[PDB]
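Fold and contact review
Each chain, written out:
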Amino acid sequence: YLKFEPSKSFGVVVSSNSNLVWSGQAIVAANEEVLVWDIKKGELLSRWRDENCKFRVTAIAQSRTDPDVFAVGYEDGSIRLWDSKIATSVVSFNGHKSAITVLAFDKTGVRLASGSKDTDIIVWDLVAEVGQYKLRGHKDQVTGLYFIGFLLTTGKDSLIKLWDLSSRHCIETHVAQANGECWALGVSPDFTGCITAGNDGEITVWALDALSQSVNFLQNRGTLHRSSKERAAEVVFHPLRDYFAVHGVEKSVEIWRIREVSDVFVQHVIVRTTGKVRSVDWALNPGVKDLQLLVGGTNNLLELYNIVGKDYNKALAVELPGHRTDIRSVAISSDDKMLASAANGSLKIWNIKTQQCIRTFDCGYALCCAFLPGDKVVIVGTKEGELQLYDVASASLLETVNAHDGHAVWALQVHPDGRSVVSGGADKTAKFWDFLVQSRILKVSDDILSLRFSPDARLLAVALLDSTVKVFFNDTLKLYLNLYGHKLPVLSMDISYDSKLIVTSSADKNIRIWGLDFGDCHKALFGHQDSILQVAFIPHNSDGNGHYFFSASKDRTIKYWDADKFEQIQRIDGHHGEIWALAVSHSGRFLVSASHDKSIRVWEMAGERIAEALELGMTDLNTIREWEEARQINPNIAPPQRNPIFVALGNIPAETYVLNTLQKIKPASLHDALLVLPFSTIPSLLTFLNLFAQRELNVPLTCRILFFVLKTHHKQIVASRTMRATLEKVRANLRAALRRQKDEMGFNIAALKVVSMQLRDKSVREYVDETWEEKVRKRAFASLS
Amino acid sequence: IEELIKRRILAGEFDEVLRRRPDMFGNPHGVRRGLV
Amino acid sequence: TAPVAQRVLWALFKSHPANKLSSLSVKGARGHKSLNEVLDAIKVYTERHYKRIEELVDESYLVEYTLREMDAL
RNA sequence: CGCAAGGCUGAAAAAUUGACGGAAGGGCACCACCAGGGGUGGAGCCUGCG
RNA sequence: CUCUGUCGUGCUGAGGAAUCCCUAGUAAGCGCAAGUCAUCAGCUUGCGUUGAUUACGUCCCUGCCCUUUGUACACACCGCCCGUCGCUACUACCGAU
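Overview of the structure. We count residues from 1 along each chain, following the written sequence rather than the entry's numbering, and we skip any residue without coordinates. To label them, take the chains in the order written and letter them from A, then take the ligands in the order written and number them from 1. Each value listed here was derived from the chains shown, which are themselves a piece of a larger assembly. In computing side-chain values, all of the structure's heavy atoms are included and hydrogens and water are not. Residues with missing side-chain atoms are left out of burial classes, side-chain pairs and their counts.

1. Overview of the protein's contact with RNA strand D
All names here are of chain A. To be near a molecule or strand, a residue needs just one of its heavy atoms within 4 Å of it. For RNA strand D, the full set of nearby residues is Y484, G485, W514, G519, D520 and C521. A share of 8% of the atoms of RNA strand D within 4 Å of the protein falls on sugar and phosphate groups. Two N or O atoms form a polar contact when they lie within 3.5 Å of each other; inside protein one atom must be a possible hydrogen donor and the other a possible acceptor, and for residues adjacent in sequence the pair counts only when both atoms belong to side chains. Here a base nitrogen of RNA strand D and a backbone polar atom of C521 are 2.9 Å apart.

Pasting the structure below:
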């Protein structure tokens with residue numbers, strides 16, 4: 001019951017996620033690991049890879065005033081801080097809900113602003129490891145952040161927001177694009193200007209200067225427009241010279257110069273690249289007179305261009321350690337030392353033990369690859385209908401044969417003896433090539449999606465588009481049987497080492513196990529959330545497990561199954577794209593899995609409540625009156641130092657706090673709580689009622705609990721002494737408040753009577769005739785009995 | 001018996017007598033006795 | 001919010017004379033939001049609030065009674 | 001008497017109305033608190049249940 | 001059961017931890033009668049007699065039910081309860097075919 005573990009992972013330079021950094025090293029993002037290359041020699045320096053995390057990394061930032069510390073933002077919402085000296089994560093920050101997308105650092109590097117796709121921007125302290133605060137604007141996702149202190153951000157709702165940081169609320173907003181979306185932000189390093197790139201190819205230009213009045217900081221000084229009308233991915237400024245680079249996700253990067261805003265900014269140069277660039281970045285090398293623009297493409301490459309300031313040359317490139325588009329097939333050697341990977345545009349064969357590429361060929365499209373025994377030559381069936389043949393040791397192309405006319409070779413299987421190969425195509429036929437010379441063909445009803453042989457070369461099995469499988473005999477091609485019951489067409493199949501089992505992977509999201517004597521389905525087992533691409537048995541039963549098989553599907557999963565006990569024994573995660581191909585070793589000890597990820601991998605009490613609030617307010621009143629006496633003596637520094645509950649509730653007055661704790665309780669509970677209150681607690685309540693009536697708020701509640709206090713303690717008040725003083729104060733204050741409120745409402749009702757009579761006088765009638773029958777609210781009021 | 005209970009609960013049909021209005025005769029529409 | 005509505009209504013009536021508020025003519029005066037029904041609603045709710053505060057004052061003379069008893073002692 | 005009575009087959013959804021909670025406030029209870037009382041449980045007999 | 005006499009503690013010992021039940025003609029004692037198409041003589045069900053202590057409060061503990069929508073209108077009072085997701089509509093993004 002031996003499981004599988006990730007041991008190796010390779011075949012990848014920069015992913016389609018954003019944010020390349022330069023340091024003469026290029027620090028880019030592979031899927032979950034952030035890896036740093038030399039650009040001069042193609043050997044990577046290091047990889048930063050964490051065992052606790054699996055989510056993909058999508059934002060990189062270099063700290064200023066201290067390189068060899070970096071901030072990476074992942075897909076789950078976490079941030080890690082790495083070192084380039086030692087490849088560990090010193091601190092981790094789990095603050096956001098989803099998908100960190102833009103990082104930013106302070107000038108001093110003690111403060112870190114991270115804006116997500118869940119639209120929160122959270123700023124982080126780097127000496128206390130506490131989430132400082134959470135700035136909250138922005139209808140949808142934030143696409144630009146910068147530290148000006150002050151913060152300047154821009155979001156996908158086309159708003160630039162200028163936030164303060166001493167008082168954590170926004171000072172300014174402006175709307176960059178009227179009906180579009182502001183997509184990128186670029187700040188001048190001296191904070192004089194900011195240009196924001198919008199959806200139409202329009203670049204808006206803003207000038208920056210360096211509360212009760214009209215505050216005006218950002219000014220739309222003009223609009224610019226670039227050449228290509230795409231959603232612009234980034235705007236990067238030169239840290240030293242007067243240039244910037246604007247690019248969308250396309251094959252052009254437009255470098256403009258800093259000398260109307262159209263007179264201020266002119267395009268210096270337009271750089272064409274061989275692939276769609278995802279993120280450009282700037283590089284300045286010590287001792288050169290140039291501009292080292294480092295582009296990182298979506299098509300799996302880094303390019304360093306030299307731009308002459310006062311044309312482009314493809315100066316440096318990193319393409320050897322990765323396939324450039326997308327791996328469609330893998331086929332690993334009989335000696336299991338090297339493997340071949342077949343991608344659209346290329347063949348690249350690799351060593352397992354060193355995980356470094358050895359040979360490279362160019363083909364048009366590469367559906368299916370498999371080498372011939374002796375591992376000297378390889379076979380590739382392409383989309384255009386042909387079968388190409390290459391060889392490893394001399395690294396060349398031997399032969400090419402138009403197998404089918406324009407119909408893609410969907411299946412290639414080498415004979416287990418090793419003298420023939422079979423190509424099943426997108427035409428109806430499936431052809432046999434003996435070595436290569438065409439020996440026998442097989443015409444069948446529909447397009448053959450996948451065919452495989454038997455390990456003892458006895459029976460063949462094609463798998464059509466008609467959602468069916470035809471198992472034939474190998475010697476003469478007579479129909480042995482056919483397997484049915486698939487709702488959607490069969491994508492793959494693999495049959496057992498003794499030919500007593502077939503697994504059959506379909507597009508209806510399940511795999512089937514057939515017995516291959518009588519072809520009875522053993523058990524249809526629904527095991528994947530999407531259409532299962534491929535299946536493979538481990539070939540050797542030397543280890544006692546030959547009836548186990550792997551299945552790889554579009555839901556980013558491999559699954560290790562047991563066909564004897566019909567049970568999933570392991571679930572293999574770790575791929576971030578739809579896994580297209582996989583293969584197992586001939587020893588079966590490891591397997592390779594090649595994805596849409598472009599990374600091929602190798603696997604081995606109410607009254608007591610108001611009473612304590614009364615006491616809190618009483619201590620607050622004593623501290624405030626002592627602070628009044630101190631500030632009356634001298635204007636020296638005197639802190640009141642009130643309760644942390646008050647400075648956490650927000651420096652409210654004790655009157656407001658005790659009013660809220662009297663307001664929260666329902667009226668019957670208020671009656672019971674004031675009844676349960678003792679006469680030691682009564683005088684504090686009477687002082688706070690004096691405070692309410694002085695600073696009038698909830699006068700009916702104040703009078704209600706005051707008359708309840710007097711009526712439930714009338715004898716004790718008229719026997720005590722200090723109640724005379726505080727009750728005289730509350731009498732004067734309450735009588736003034738009641739007389740003020742009553743006189744205001746009396747003036748209101750008298751004025752409403754006067755204006756109502758005047759409006760009646762306006763309304764009465766104009767004409768006079770014989771019929772004064774022209775000169776009332778009515779309600780309905782149903783009642784059941 | 002347990003499977004009978006599960007079938008009735010799932011495709012829920014219960015034989016409890018239901019609370020009827022006491023004035024279904026004179027007030028069959030069930031109007032509300034307030035503002036109209 | 002009755003006290004804050006009564007206070008800014010007091011400021012409104014003390015600022016503008018009665019003839020302006022009677023000859024107030026605004027294009028959005030139709031049905032339930034015309035000037036008659038608006039001033040009627042304001043007047044009747046102010047009548048209720050005034051009745052409440054009058055009951056409160058009459059009940060609030062208890063404090064003068066208690067202070068008179070303590071003056072007697 | 002006629003139809004029912006021909007096996008892509010081989011046992012283990014709905015939703016603008018839905019899924020699950022939390023906090024506050026009520027009502028009730030010898031399956032709760034409070035005050036007491038009484039069984040059973042110790043010896044022997046035996047119905048019954050396992 | 002009440003009253004009156006004769007003798008006087010003498011293998012001639014009122015049930016542990018737990019667990020359950022009980023608030024007025026109730027707990028508990030006592031006998032008499034019947035044997036009703038199921039059950040019940042190793043008992044069942046009636047019937048009379050004698051008849052207390054202690055609660056009769058509170059949601060503090062353990063829970064159970066329910067409000068936060070409706071179901072009526074005056075007085076009067078209250079004053080937008082909170083979270084994690086789904087579903088629907090629209091908007092733009094990502095990358096293979």
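2. Overview of the protein's contact with RNA strand E
Contacts to RNA strand E come from 25 residues, most closely from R328(A), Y365(A), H596(A), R32(B) and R33(B). Near the protein, meaning within 4 Å, the atoms of RNA strand E are sugar or phosphate in a fraction of 78%, with bases accounting for the rest. Interatomic distance of 3.2 Å between a backbone N/O atom of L35(B) and a phosphate oxygen of RNA strand E. Within the side chain of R52(C), a nitrogen or oxygen atom sits 3.1 Å from a phosphate oxygen of RNA strand E. Considering each element in turn, the surface near RNA strand E owes the most residues, 3 residues, to helix α3 (residues 35–60) of chain C. For the surface near RNA strand E, the residue count by class is 9 nonpolar, 5 polar and 11 charged. Under the scheme used here, helices are H or I runs from DSSP no shorter than 4 residues and strands are E runs no shorter than 2 residues, and both carry numbers assigned from the N terminus. Charged residues are taken to be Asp, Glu, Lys and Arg, nonpolar residues to be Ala, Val, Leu, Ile, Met, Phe, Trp, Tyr, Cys and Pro, and polar residues to be all remaining types, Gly included.

3. With respect to a nonpolar patch on the surface
Patch membership requires over 30% relative accessible area and the absence of a salt bridge. Like charges are linked within 9 Å, and nonpolar side chains (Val, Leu, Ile, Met, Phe, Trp, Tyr) within 5 Å. Residue-level accessible areas treat just the shown protein chains as cover; the underlying method is Shrake-Rupley with a 1.4 Å probe. The rule for a salt bridge is simple: a side-chain nitrogen of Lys or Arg has to be within 4 Å of a carboxyl oxygen of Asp or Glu. The grouping of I1(B), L4(B), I5(B), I9(B) and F14(B) at the surface amounts to a nonpolar patch, some 580 Å² of accessible area in total. One can find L4(B) in helix α1 (residues 2–10).

4. Points about empty space enclosed by the protein
Residue and element names in this part refer to chain A. Volume-wise, the largest cavity comes out at about 100 Å³. Here the term cavity refers to a set of points on a 1 Å grid, laid over the protein atoms alone, in which a 1.4 Å probe fits but cannot get out; the term pocket refers to an open set having protein on both sides within 12 Å along at least five of seven lines, with lining residues being those that place an atom within 4 Å of a point. Around the largest cavity sit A331, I332, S333, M338, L339, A340, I349, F371, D375, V378 and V392, which together line it. Contributions of two or more residues to the lining of the largest cavity are made by β30 (327–332) and β31 (338–343). No other element matches β31, which puts 3 residues into the lining of the largest cavity. When the residues that make up the lining of the largest cavity are grouped by side-chain class, the tally is 9 nonpolar, 1 polar and 1 charged. Grid points are joined across faces, edges and corners, and a volume is the space filled by probe spheres set on the points.

5. Thoughts on the sheet that holds strand β40 (residues 429–434) of chain A
Residues and elements named next belong to chain A. DSSP bridges decide pairing: two strands pair if at least two such bridges lie between them. In space, the 4 strands of this open sheet follow the order β38-β39-β40-β41, with antiparallel pairing throughout. In the strand order of this sheet, the two ends are held by β38 (409–414) and β41 (437–443), each with one partner. Put simply, the sheet's adjacent strands are angled 20 degrees from each other on average, direction ignored. Both strand β39 (residues 420–425) and β40 contribute to a ladder of 5 bridges, which runs antiparallel. Residue pairing across strands places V421 opposite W433, the latter belonging to β40. A fitted line through C-alpha atoms represents every axis, and for helices the fit uses only the stretch in contact; the resulting angles, taken between N-to-C directions, go from 0 to 180 degrees.

6. A word on the side chain of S599(A)
All names here are of chain A. Assignment of secondary structure puts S599 in the loop between β54 (591–594) and β55 (600–603). Owing to a relative accessible area of 0%, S599 belongs among the buried residues under this scheme. In terms of polar contacts, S599 uses its side chain to reach the side chain of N31, at 2.7 Å. Note on contacts: a residue pair is in contact if any heavy atoms of the two residues lie within 4.5 Å. The residues touching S599, leaving out its near neighbours within four places in the chain, are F10, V12, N31, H575 and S593. The cut-offs for exposure are 20% and 50% of the maximum accessible area for each residue type, with area from a 1.4 Å probe on protein chains only; residues under the lower value are buried, those over the upper are exposed, and the others partly exposed.

7. Quick word on the interface of chain B and chain A
Contacts between chain B and chain A engage 8 residues on the former and 6 residues on the latter. Joining two parts hides part of their accessible area as seen by a 1.4 Å probe, and the buried area is that hidden amount summed over both. In total, about 540 Å² of surface goes out of reach between chain B and chain A, with carbon and sulfur atoms giving 74% of it. Of all residues in chain B, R33(B), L35(B) and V36(B) give up the largest surface area on contact with chain A, accounting jointly for 65% of the area buried on that side. One can count 0 salt bridges joining chain B with chain A. Joining chain B to chain A, the criterion identifies 1 residue pair in polar contact. When grouped by side-chain class, the residues that make up the side of chain B that touches chain A number 3 nonpolar, 2 polar and 3 charged.

8. Description of the packing of aromatic side chains
Residue and element names in this part refer to chain A. Any pair of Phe, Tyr and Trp rings, taking the six-membered ring for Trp, is counted once the centres come within 6.5 Å. Such a pair is stacked with planes under 30 degrees apart, edge-to-face with planes over 60 apart, and tilted for the rest. Here the structure, examined in full by the defined rule, presents 19 aromatic pairs over all chains. Judged by centre distance (5.0 Å) and plane angle (70 degrees), the rings of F4 and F550 are edge-to-face. Ring geometry for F550 and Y560: centres 4.1 Å apart, planes at 15 degrees, overall stacked. Pair noted here: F550 is in strand β50 (residues 548–553) and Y560 is in strand β51 (residues 557–562), with a separation of 10 residues, a long-range link. Judged on exposure class, the residue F550 and its partner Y560 are both buried. An aromatic cluster is present here, built from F4, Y548, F550 and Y560 joined pairwise through their rings. Taking the ring centre of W183 as reference, the NZ or CZ of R231 above it sits at 4.7 Å. A cation over an aromatic ring shows up here: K348 above the ring of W350, its NZ or CZ 5.7 Å from the ring centre. We count a charge as sitting over a ring when the NZ of a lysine or the CZ of an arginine lies within 6 Å of the ring centre and within 35 degrees of the ring normal.

9. Side note on the sheet that holds strand β6 (residues 57–62) of chain A
Residue and element names in this part refer to chain A. An order of β6-β7-β8-β9 is seen for the 4 strands of this open sheet, with the pairing classed as antiparallel. Of all strands in the sheet, those with a lone pairing partner are β6 and β9 (89–94), marking the two edges. Neighbour-to-neighbour, the strand axes of the sheet open up by a mean angle of 20 degrees, direction not taken into account. With 4 bridges connecting them, strand β7 (residues 70–74) and strand β8 (residues 78–82) associate as antiparallel partners. Its bridge partner being in β8, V72 is matched across the sheet by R80.

10. Focus on a negative patch on the surface
When charges are counted, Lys and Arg contribute as positive and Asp and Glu as negative, whereas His and the chain ends are disregarded. A single reference atom marks each charge: NZ on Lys, CZ on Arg, CG on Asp, CD on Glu. A cluster of acidic residues, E54(C), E55(C), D58(C) and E59(C), forms a negative patch at the surface. Relative to the elements of secondary structure, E59(C) occurs in helix α3.

11. Section: unusual backbone geometry
Most of the time, phi is negative for any residue but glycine, and the peptide bond is trans. Residues and elements named next belong to chain A. Positioned with a positive phi, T119 is a non-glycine residue whose angle comes to about 75 degrees. Positionally, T119 belongs in the loop between β11 (111–116) and β12 (121–125). The class of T119 is buried, set by a relative accessible area of 12%. Phi is positive for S158, close to 60 degrees, though the residue is something other than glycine. By the element assignment, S158 lies in the loop between β15 (150–155) and β16 (159–164). A relative accessible area of 4% places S158 in the buried class.

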